[PDB]
Amino acid sequence: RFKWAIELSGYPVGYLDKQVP
Amino acid sequence: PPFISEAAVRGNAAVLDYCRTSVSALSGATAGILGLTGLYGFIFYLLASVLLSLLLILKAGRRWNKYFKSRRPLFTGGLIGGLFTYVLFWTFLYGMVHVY
Amino acid sequence: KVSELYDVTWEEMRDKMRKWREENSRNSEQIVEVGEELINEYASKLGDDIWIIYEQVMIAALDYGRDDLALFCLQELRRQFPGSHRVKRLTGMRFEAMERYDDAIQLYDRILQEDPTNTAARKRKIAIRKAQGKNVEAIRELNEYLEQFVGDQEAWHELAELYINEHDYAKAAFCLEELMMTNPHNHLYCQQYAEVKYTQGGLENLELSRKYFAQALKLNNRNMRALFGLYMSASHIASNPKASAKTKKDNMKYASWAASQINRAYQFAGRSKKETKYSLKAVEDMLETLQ
Amino acid sequence: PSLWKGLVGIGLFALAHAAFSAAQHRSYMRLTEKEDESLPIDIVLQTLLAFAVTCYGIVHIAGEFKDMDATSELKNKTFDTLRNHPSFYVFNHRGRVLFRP
Amino acid sequence: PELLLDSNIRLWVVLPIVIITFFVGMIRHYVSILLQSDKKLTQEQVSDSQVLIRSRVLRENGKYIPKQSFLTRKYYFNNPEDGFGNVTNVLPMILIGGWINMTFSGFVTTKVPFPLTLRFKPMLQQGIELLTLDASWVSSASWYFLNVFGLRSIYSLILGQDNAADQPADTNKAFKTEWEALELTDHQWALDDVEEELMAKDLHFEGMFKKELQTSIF
């Protein structure tokens, strides 16, 4: 929550991204 | 239980079948040895069956719900082939002893 | 080892080796110690159980940097089974353990030519690719193999680990979902997926992480990692300045319950063994991170 | 432990002895041509005792039950043994250097 | 009883039948294992079977993943993918029955201990030529068949599993069947109220800190 906090930032068969409600 | 493993239930079924077959064969052998005949001997078979079930309880003990859903398979499980083995061994030993 | 710091029969050693085989333990030193004695002093006692022990001891010795025993076991196995394919795989592994990769590659190509539907040769080629640091080629080859042979959970887990090592978390989460779908009763996969979702992104990712931490803790009540993750995720979501009041109070309640359970668990731990070093310390962690 | 095997063997031997005794008694009786149908009580007691002992002994060796809950044996599994993939082992690390470089 | 029998027939005709049928059954089981089958499958068959199993597992257990992933996989599998030996088992029984009838039939074997009717008589007395004899007395062939029929449980017990006794089609069709079956499945998340279920009671920290930490092997 405070002080010590590390942020790490940086096609397997089916892979989609959007909608489809 | 939300999740069930088939291996455990199949192993339990195998153990029950082993016990039932062996006790049926032994009961048939001893009924043949005693020389009992007719429907009277049939009663003995039922008695033997009951005995088996009782011992199974002592094998299950408490918390039996972990191993089985209900005691009905533990009581009335496998009363068809056991009868055939019982009558076969009964005839075999009765012919071996009381005849001749 | 019998009458040497221990008093066990050969049956006990066999059972211990079998148990070490069932769960993939990689303590090579103890495995070699037990296996060499079992091979030497009890060879005739084991009727047909010595071949799998031969393979296991050879692998352990290769892992332990002791090649004489590996060569002995390989010679015995090759003599017993002429022309087998597992022995060729062991020979290839021995070749590649000495930094001779071209011979292993040609051996695996020969194996694949003899039998096209073999799996271990492709995995060993992928391992050879990984041993040289060529990460992208290994990932591509593993993806191709998974495309050909779906339903192999070891490959899915290895691909997930490789994606984790490359700081690409969406595809790792996808692979962990694929693994979790087949095994919904395993809490470790849920815990790891929750950790990946925690590390991935922001608010909704934290919500999913909290949900799956709760699910993992429900599956097994002894998982301390799941409890710590649940508490941390609830505290993180509660203090987020872009959340509604209802979610804020729900997360505060979740964090309070998690902290109470953690304190009770540490008291339980301190009751049995007397150290009293973390029960005095975990309370400070809970207090300083409150709200 | 292994005493149940001895118990069931003793029970089977006693049952066989009772069978032989009953057969011998029947063979002797058919010689004298006596229609009294005299079955000695001791033989019945012996065979019943042997049958009961044998069944009790054999009910204890069929095996042991196992819990049907799928999440029962994973309570002790740890992530140390779950991350090991035998098919993807690599022997390029510091273990070789530490032991006989 | 009614008849007086020679003990020699009991010693030399009864036991050999049982021994022969027992060992014949064992030999039949072992021979059946010896040449059971040898099957080979091409890569496409196993790949398609694994794909079908994966689709079935998705349909069965999509309720343990986030709905977005479930529908992402459901967008897949719909547009791109789904649419783009005995002779020895039975004949030896009859052969051995005939051989036993040839070399053993002709005398009374034993008697069942329960009364029967006249319906049983034609079956249990194949070899004898009497007329008014009771149906309880059996011939040799009937005894052999009875012994054969009454050993299934014994074979299952003394031998592994059950043996030593008598008792895809089109890829496109399977693809269409799975496509039709999967189309009517909808996501139903099973983690909506997991937190409330967890919060009901304290955790089960009982029976976890027993025994002692392991020191070494064994």
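Along each chain, numbering proceeds from 1 in written sequence order. Entry numbering may differ, and residues lacking coordinates are not shown. By the order in which they are written, chains take letters starting at A while ligands take numbers starting at 1. Any value quoted here refers to the chains shown, not to the larger assembly they are part of. Hydrogens and water are ignored here; the side-chain numbers use all heavy atoms of the structure.

In the PDB header, cryo-EM is given as the technique by which the entry was determined, and 3.4 Å as its resolution.

Applied cut-off: UniProt positions are given in the numbering used here, feature names are shortened, and annotations may be inferred rather than shown by experiment.
Chain D goes by ER membrane protein complex subunit 5 in the PDB entry, where it is assigned to Homo sapiens. Regarding chain D, the UniProt comment filed under Subunit reads as follows: "Component of the ER membrane protein complex (EMC)." Per UniProt, chain D has the following entry under Sequence similarities: "Belongs to the membrane magnesium transporter (TC 1.A.67) family."

As annotated in the PDB entry, chain B is ER membrane protein complex subunit 6 from Homo sapiens. Its UniProt record gives chain B the following Sequence similarities comment, quoted word for word: "Belongs to the EMC6 family."

### Notes on a nonpolar patch on the surface
Convention followed: Every patch collects residues that have over 30% relative accessible area and no salt bridge, joining them within 9 Å if they carry like charges and within 5 Å if they are nonpolar side chains (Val, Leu, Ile, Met, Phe, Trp, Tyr). All accessible-area figures derive from a Shrake-Rupley calculation using a 1.4 Å probe, and residue coverage is judged against the displayed protein chains alone. A carboxyl oxygen of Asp or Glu within 4 Å of a side-chain nitrogen of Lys or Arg is what we treat as a salt bridge. A run of H or I in DSSP becomes a helix once it reaches four residues, and a run of E becomes a strand once it reaches two; helices and strands are each numbered from the N terminus.
Together, E:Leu11, E:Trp12, E:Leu15, E:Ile19 and E:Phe23 make up a nonpolar patch on the protein surface, roughly 540 Å² of accessible area in all. Looking at the element boundaries, E:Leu15 is found in helix 1 (residues 7–34).

### Description of empty space enclosed by the protein
Rule in force here: Here a cavity means grid points, on a 1 Å grid over the protein atoms only, where a 1.4 Å probe fits yet cannot get out; a pocket means an open set of points with protein on both sides within 12 Å along at least five of seven lines; lining residues are those with an atom within 4 Å of a point. Grid points are joined across faces, edges and corners, and a volume is the space filled by probe spheres set on the points. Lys, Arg, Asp and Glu make up the charged group, whereas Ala, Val, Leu, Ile, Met, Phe, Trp, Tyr, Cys and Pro make up the nonpolar group; the residues left over, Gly among them, are polar.
The volume enclosed by the largest cavity comes to roughly 130 Å³. Contributing to the lining of the largest cavity are B:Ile33, B:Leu34, B:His98, D:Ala22, D:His25, D:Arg26, D:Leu39, D:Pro40, D:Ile43, D:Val44 and D:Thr47. Of all the elements in the fold, those that place two or more residues in the lining of the largest cavity are helix 1 (6–34) of chain B together with helix 1 (3–32) and helix 2 (41–58) of chain D. Across the lining of the largest cavity, the residue classes break down as seven nonpolar, three polar and one charged.

### Remarks on helix 4 (residues 81–97) of chain B
Heads up, the condition is: A helix's residues, less one, multiplied by 1.5 Å, set its expected span. Partly exposed residues are those whose accessible area sits between 20% and 50% of the maximum for their type, while under 20% is buried and over 50% is exposed, using a 1.4 Å probe and protein chains only.
If you check helix 4 of chain B, its first and last C-alpha atoms are 24 Å apart, about what 17 residues at 1.5 Å a residue would give, namely 24 Å. Those residues of helix 4 of chain B that fall on the buried side of the exposure criterion are B:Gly82, B:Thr85, B:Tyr86, B:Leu88, B:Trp90, B:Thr91, B:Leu93, B:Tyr94, B:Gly95, B:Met96 and B:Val97.

### Observations concerning the UniProt feature "transmembrane region" in chain B
Residue and element names in this part refer to chain B. UniProt records the feature "transmembrane region" for residues 19–34, 41–61 and 80–96 in the present numbering. Secondary structure content for residues 19–34 is 100% helix and 0% strand, while the C-alpha to C-alpha distance between its ends is 22 Å. Helix makes up 95% of residues 41–61 and strand 0%, with an end-to-end C-alpha separation of 31 Å.

### A short note on the layout of surface pockets
A volume near 1700 Å³ is recorded for the largest pocket. Elements with a contribution of two residues or more to the lining of the largest pocket: helix 1 (10–22), helix 11 (187–200), helix 13 (224–238) and helix 14 (245–272) of chain C together with helix 3 (79–82) of chain D. Partitioned by chemical class, the residues of the lining of the largest pocket number 15 nonpolar, 15 polar and 13 charged. The volume enclosed by the second largest pocket comes to roughly 1100 Å³. Around the second largest pocket, the lining is made up of 42 residues, and of these B:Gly81, B:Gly82, B:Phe84, B:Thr85 and E:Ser153 lie nearest the centre. Grouping the constituent residues of the lining of the second largest pocket by class yields 24 nonpolar, 13 polar and five charged.

### Re the arrangement of the chains
The cut-off we apply is this: Working rule for contacts: check all heavy atoms of both residues, and any pair within 4.5 Å makes them a contact.
Ranked by contact count, the leading pair among the eight pairs of chains in contact consists of chains C and E. In this assembly chain A lies apart from chain B, the nearest approach of their C-alpha atoms being 28 Å. If you take every C-alpha in chain A and every C-alpha in chain D, the smallest gap between them is 19 Å, and the two do not touch.

### A look at the interface of chain A and chain E
Where we set the bar: In short, buried area is how much 1.4 Å probe accessible area vanishes from two parts on joining, totalled over both. The definition of a polar contact used here is a pair of N or O atoms within 3.5 Å, where within protein one atom must be able to donate a hydrogen and the other to accept one, and adjacent residues in sequence count solely through side-chain atom pairs.
Contact residues are listed per partner, giving nine residues for chain A and seven residues for chain E. For the chain A and chain E pair, buried surface summed over both sides reaches about 650 Å², with 61% attributable to carbon and sulfur atoms. Together, A:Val13, A:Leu16 and A:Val20 form the three largest contributors to the area buried by chain A at its contact with chain E, with a combined 66%. Where chain A packs against chain E, one counts zero salt bridges. Where chain A meets chain E, there are zero residue pairs in polar contact. Its residues assigned to classes, the side of chain A that touches chain E shows five nonpolar, two polar and two charged.

### Structural notes on a negative patch on the surface
The condition is simple: When charges are counted, neither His nor the chain ends are considered; positive counts come from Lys and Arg and negative counts from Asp and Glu. The location of each charge is read from NZ of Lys, CZ of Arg, CG of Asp or CD of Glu.
Residues D:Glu33, D:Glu35, D:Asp36 and D:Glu37 make up a contiguous surface patch of negative charge. With respect to the helices, strands and loops of the structure, D:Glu33 is situated in the loop between helix 1 and helix 2.

### A look at helix 1 of chain E
Over its 28 residues, helix 1 of chain E extends 41 Å from the first C-alpha to the last, a length consistent with the 40 Å expected when each residue adds 1.5 Å. Elements that come into contact with the buried residues of helix 1 of chain E comprise helix 4 of chain B together with helix 4 (87–104), helix 6 (140–149) and helix 7 (152–158) of chain E.

### Brief notes about the interface of chain E and chain C
Each side of the interface is counted separately: chain E has 33 residues, and chain C has 38 residues. Buried area between chain E and chain C, both sides added, is near 4000 Å², and the carbon and sulfur share of it is 64%. Of all residues in chain E, E:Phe205, E:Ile217 and E:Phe218 bury the most surface against chain C, accounting for 19% of the area lost on that side. At the junction of chain E with chain C, the criterion picks out five salt bridges. Taking the shortest distance from any N to any O, the salt bridge between E:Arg73 and C:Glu178 comes out at 2.9 Å. Along the contact surface separating chain E from chain C lie 14 residue pairs in polar contact. If you tally residues by element for the side of chain E that touches chain C, the top one is helix 2 (residues 43–61) of chain E, at seven residues.

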